[PDB]
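Naming convention: chains lettered A, B, ... in sequence-line order (proteins, then strands); numbering from 1 in each chain. Below, each value reflects all heavy atoms present in this structure, side chains not excepted, and no hydrogens, waters or symmetry copies.
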Amino acid sequence: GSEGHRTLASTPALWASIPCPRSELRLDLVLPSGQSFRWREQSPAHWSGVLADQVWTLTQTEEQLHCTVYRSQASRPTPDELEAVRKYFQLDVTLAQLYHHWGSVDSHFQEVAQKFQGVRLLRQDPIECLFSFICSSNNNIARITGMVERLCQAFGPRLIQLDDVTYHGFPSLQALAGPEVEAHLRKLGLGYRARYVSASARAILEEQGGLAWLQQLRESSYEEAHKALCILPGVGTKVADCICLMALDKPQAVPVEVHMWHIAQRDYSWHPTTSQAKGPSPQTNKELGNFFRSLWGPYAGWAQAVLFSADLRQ
DNA sequence: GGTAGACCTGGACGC
DNA sequence: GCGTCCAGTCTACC
Ligand SMILES: [Ca+2]
């Protein structure tokens with residue numbers, strides 16, 4: 001009853017809602033789509049994970065986003081806590097308003113979007129984002145998800161336990177920069193990315209001015225930020241774009257990888273026109289990125305998530 | 001400046 | 001059941 005992960009039905013008094021139609025947000029399309037790797041649908045239609053340093057379970061009805069927190073007297077979320085949820089889902093950004101625009105300038109987007117409404121961008125913490133995506137390179141979303149989990153259990157702060165799941169906060173820079181972390185990460189299966197994590201943790205802390213250097217990018221321009229991020233080991237233009245798009249409030253950032261190339265070719269008959277090569281390459285990927293920005297506008301990154309997330313769904 | 005290849009790991013095809 | 005194939009960054013090099 002008071003044990004295990006909650007359900008809307010099971011413990012009514014402990015939930016609270018946030019006005020939010022499914023047209024504006026589809027948890028099933030956002031939480032497992034490779035933006036964040038830390039949410040799990042423990043019970044059907046119920047997603048649990050760490051948000052704002054606490055564990056939550058989220059679920060929705062047609063017009064409401066129901067939320068619950070596990071902090072010590074169990075009680076429904078407070079308006080201030082719920083605000084953290086709205087901020088995490090950037091709910092002040094109107095999706096219907098963005099879909100309309102993208103749809104009006106791109107017939108193909110219009111066609112596809114009709115079936116995949118409610119795909120928006122989560123506003124993520126820079127550190128988790130940086131290291132989660134450092135783990136994403138040349139890898140599949142399933143292994144990635146396993147790596148990040150193991151990473152947080154071994155190095156992140158212990159939160160609360162539900163059923164047989166012990167939740168952990170994402171590791172701090174100090175923890176990731178620690179001694180023998182690389183060796184430990186290799187035993188956890190991160191492969192060669194084990195060194196990237198260790199090396200980037202130290203680089204940020206011992207050469208770039210620490211957490212402040214990263215946190216200050218949310219005020220810098222996309223061009224600056226993206227360039228700054230690329231210095232870090234394991235962080236290329238692609239990983240840097242994901243971070244810019246998902247953590248540094250750069251909605252125009254467009255991560256170009258295999259999915260996007262196939263979409264460009266199949267749905268837009270796109271070809272590199274100024275680039276040297278015909279296939280993927282540093283030059284062509286950059287060009288592809290510009291094509292989508294020019295096509296979708298300032299929130300091209302978000303538009304990208306709609307088609308991307310819809311691609312995984314096939 | 002702009003290519004080729006190697007690359008940890010493990011669920012998937014291919015056969 | 002085995003070998004090969006896939007899900008970005010980095011580096012040696014022409
Ligand atoms: Ca690939």
| task | Please round to the nearest 0.5 Å and tell me the distance separating atom CD1 of A:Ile141 and atom CD of A:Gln35. | result | 10.0 Å
For atom [atom1] of [X] and atom [atom2] of [N], their distance in whole Å:
{"X": "A:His259", "N": "C:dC6", "atom1": "NE2", "atom2": "P", "value": "14 Å"}
{"X": "A:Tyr192", "N": "B:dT9", "atom1": "OH", "atom2": "P", "value": "11 Å"}
{"X": "A:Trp261", "N": "C:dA7", "atom1": "CH2", "atom2": "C1'", "value": "18 Å"}
{"X": "A:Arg143", "N": "B:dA12", "atom1": "CZ", "atom2": "P", "value": "14 Å"}
{"X": "A:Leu190", "N": "B:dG10", "atom1": "CG", "atom2": "P", "value": "11 Å"}
{"X": "A:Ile144", "N": "B:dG10", "atom1": "CD1", "atom2": "P", "value": "14 Å"}
{"X": "A:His226", "N": "C:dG8", "atom1": "NE2", "atom2": "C1'", "value": "12 Å"}

Which value, in whole Å, describes the distance between the [atom1] atoms of nucleotides [N] and [M]?
{"N": "C:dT9", "M": "B:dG11", "atom1": "P", "value": "24 Å"}
{"N": "B:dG5", "M": "C:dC5", "atom1": "P", "value": "14 Å"}
{"N": "C:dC10", "M": "B:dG10", "atom1": "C1'", "value": "23 Å"}
{"N": "B:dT3", "M": "C:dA7", "atom1": "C1'", "value": "23 Å"}

Nearest to the side chain of [X], heavy atoms from C-beta on, is which of [options]?
{"X": "A:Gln276", "options": "B:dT3, C:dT9, C:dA7", "value": "B:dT3"}
{"X": "A:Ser281", "options": "B:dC8, B:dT3, C:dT9", "value": "B:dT3"}
{"X": "A:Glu257", "options": "C:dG8, B:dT3, B:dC8", "value": "C:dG8"}

Is [X] salt-bridged to [Y], going by a charged N under 4.0 Å from an acidic O?
{"X": "A:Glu207", "Y": "A:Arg202", "value": "no"}
{"X": "A:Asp28", "Y": "A:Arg22", "value": "yes"}
{"X": "A:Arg38", "Y": "A:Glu149", "value": "no"}

| message | Categorize A:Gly191 for me: base, sugar-phosphate, or nothing, with a 4.0 angstrom heavy-atom threshold over every strand shown. | response | base
| message | Under 4.0 Å, heavy atoms only, any strand: does A:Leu232 hit a base, just the sugar-phosphate, or nothing? | response | sugar-phosphate
| request: Write out the stems for DNA chain B, ordered by first number and formatted as range with range, counting runs of at least 3 consecutive Watson-Crick or G-U wobble pairs under 3.5 Å. | output: B:3-7 with C:8-12, B:9-14 with C:2-7
| query | Looking at B:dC8, does its base get a donor-acceptor pair with the side chain of A:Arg186 below 3.5 Å? | reply | no
For residues 223-230 of chain A, please give each side-chain donor-acceptor pair under 3.5 Å, one per line with the distance, not counting sequence neighbours.
residue	atom	partner	partner atom	Å
A:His226	NE2	A:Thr237	O	2.9

| How do A:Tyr196 and A:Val258 order along DNA chain C: which one's closest nucleotide is nearer the 5' end? | A:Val258
| message | Check the orientation of A:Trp102 and A:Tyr99. Use parallel for under 30°, tilted for 30 to 60°, and perpendicular for over 60°. | response | tilted
| request: Specify whether A:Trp270 and A:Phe291 have parallel, tilted or perpendicular ring planes, treating 30° as the upper limit for parallel and 60° as the lower limit for perpendicular. | output: tilted
| field | Side-chain heavy atoms of A:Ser48 within contact of A:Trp56, under 4.5 Å | value | no
| query | For DNA chain B, whose closest nucleotide is more 5', that of A:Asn138 or that of A:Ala142? | reply | A:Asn138
| How about C:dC5 and C:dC6: do their bases stack, with centres under 5.5 Å and planes under 30 degrees? | yes
